[PDB]
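A short write-up of the structure that comes next.
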Amino acid sequence: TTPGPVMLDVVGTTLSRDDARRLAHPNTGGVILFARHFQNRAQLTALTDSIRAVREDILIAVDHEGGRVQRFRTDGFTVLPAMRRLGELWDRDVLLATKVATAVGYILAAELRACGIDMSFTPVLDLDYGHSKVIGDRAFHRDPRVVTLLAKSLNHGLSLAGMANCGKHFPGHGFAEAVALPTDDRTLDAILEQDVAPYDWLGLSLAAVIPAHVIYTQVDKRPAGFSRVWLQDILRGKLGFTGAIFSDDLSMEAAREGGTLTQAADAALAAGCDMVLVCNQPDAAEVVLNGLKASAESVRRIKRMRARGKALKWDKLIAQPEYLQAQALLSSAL
Ligand SMILES: CC(=O)N[C@H]1/C(=N/OC(=O)Nc2ccccc2)O[C@H](CO)[C@@H](O)[C@@H]1O
């Protein structure tokens, strides 16, 4: 089987008959996990194993950013700092900050792969303007050059465990704050010269992208996730990006602008998304699976988000010097 364009979630800590039906649908391509799917490491591994048993080509992801966004914080998972902490460390010691960023990346990816997960929806590349509360301390730094090199060092640590990455929220969620959709009335050039710069500078170190549920009125009235201008003209065209594009959670009502989930899913894919996220309502996601009108190009990019190579099980990772080394550095540096 080949991955479909829909990423959804399962009902709980153990796979159900309804999950198996949904996982087997041709338009299913991924699973995203949340805190309700984690009891302990043993349970989570059995869950991810059973998911791949139903659909061997499935992509399994999770929002593991650190700080305020980390689904798995217990039973050995290292509580990671808010990315804003790394920008603050950068301001005291640039090179040390890049060293810690990689260690955070490797810890993050290694622990996730030990439980059978492919990727995390990280890093946040939004600039820390201080404007967006939903972003807040999830942003690395105000300076796009600092965001680039810190995020790059983190993506390097992810790659050391064979894990990819996903920058967000394109073209930038940091400026709009802004219950309807946020709006950003800056000019295209202003958005390109700063918020978009990390996506451009990261080059091949950027594996994927999530667009923002934000309307940039001076560029396109459609939200970035449903904007062919942003996803094709800018990202694919002007920047030459060839990585995967995941929509932001379509379950966010205001993002759909009066349309159904299925209609919003068709618009996102039509705009340029390779995969769409429908979180926290599997039955509504199943309606999308069966009503979707919309692959060759996308399937290639989706397959390339699978974790590369073999992963260390927990019994092996806990005794690995590199893992132990990263743990110590994180404690001392922060
Ligand atoms: C802007 C933001 O924080 N978007 C996140 C995000 N946000 O989802 C929602 O805000 N969902 C929502 C909000 C209100 C009602 C229903 C769903 O979903 C993705 C997958 O979980 C994350 O990777 C994104 O980073």
Side-chain angles (χ1 to χ4, degrees), residues 6-10 29-38 59-72 80 82-84 108 112 117-129 131-132 134-140 147 151 154 158 163-184 195 198-199 206-216 223-226 230 243-261 264-265 268 273-285 288 305:
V6 175
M7 176 173 279
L8 43 70
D9 48 26
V10 301
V31 173
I32 177 171
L33 304 159
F34 293 95
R36 64 181 174 275
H37 302 98
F38 181 69
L59 183 68
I60 303 178
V62 62
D63 295 319
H64 251 232
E65 306 174 23
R68 297 193 291 119
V69 181
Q70 181 177 327
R71 312 306 175 199
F72 316 148
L80 295 172
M83 295 302 95
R84 177 181 277 167
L108 190 163
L112 286 180
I117 293 162
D118 282 289
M119 61 173 294
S120 175
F121 287 123
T122 197
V124 180
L125 301 176
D126 303 316
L127 307 190
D128 189 7
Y129 285 106
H131 296 180
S132 182
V134 62
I135 304 303
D137 63 354
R138 300 163 64 193
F140 275 94
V147 175
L154 184 107
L158 301 172
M163 178 173 292
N165 57 82
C166 183
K168 63 189 188 181
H169 310 69
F170 180 90
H173 207 305
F175 197 77
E177 56 191 71
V179 187
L181 276 180
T183 59
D184 190 327
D195 297 45
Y199 297 82
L206 179 65
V209 161
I210 280 168
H213 285 327
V214 178
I215 298 177
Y216 306 81
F226 316 101
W230 284 114
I245 300 176
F246 304 78
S247 82
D248 204 346
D249 186 9
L250 293 184
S251 299
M252 214 265 283
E253 280 272 336
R256 305 198 295 270
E257 281 180 314
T260 63
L261 279 165
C273 285
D274 298 289
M275 207 183 305
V276 290
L277 272 60
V278 179
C279 312
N280 203 26
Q281 45 184 350
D283 299 280
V288 178
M305 299 307 297

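Ligands are counted one by one from 1 in listed order, and the atoms in each one are counted from 1 as well. All residue numbers refer to positions in the sequence shown, counting from 1. Any value given below was found using the heavy atoms of this structure, including those in side chains, with hydrogens, waters and symmetry copies removed.
Every salt bridge (charged side-chain N to carboxylate O under 4.0 Å, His left out) that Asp184 has, sequence neighbours left out, goes to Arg186. By the side-chain contact (heavy atoms from CB on, under 4.5 Å) test, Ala255 pairs with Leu181, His213, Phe226, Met252, sequence neighbours left out.
What you find for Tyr199 and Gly167 is that their closest heavy atoms are OH-C, 3.9 Å. Between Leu112 and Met163 the shortest heavy-atom distance is CB-CE, 3.9 Å.
Between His37 and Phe34, the angle of the ring planes lies from 30° to 60°, which puts this pair in the tilted group.
Within ligand 1, counting atoms from 1 as listed, the ones closer than 4.0 Å to a heavy atom of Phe34 are 21 (O). Atom numbering of ligand 1 starts at 1 in the shown order; those under 4.0 Å from a heavy atom of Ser251 are 16 (C), 17 (C). Here is the list of ligand 1 atoms found below 4.0 Å of a heavy atom in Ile32: 20 (C), 21 (O).
A salt bridge is absent between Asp248 and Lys168: the closest approach of a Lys/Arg side-chain nitrogen to an acidic carboxylate oxygen does not fall below 4.0 angstrom.
Between atom 10 (O) of ligand 1 and the options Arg68, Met252, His64, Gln281, the minimum heavy-atom separation is to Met252.
Residue-level proximity to ligand 1 for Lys168 is carried by the side chain, the only part with a heavy atom below 4.0 angstrom. Residue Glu253 does not touch ligand 1, judged by heavy-atom distances below 4.0 Å. Residue contacts with ligand 1 for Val69 are absent, since no atom lies close enough (heavy atoms, distance under 4.0 Å).
At least one N or O atom of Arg138, backbone or side chain, sits closer than 3.5 Å to an N or O atom of ligand 1. Looking at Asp63 next to ligand 1, an N or O pair under 3.5 Å apart turns up.
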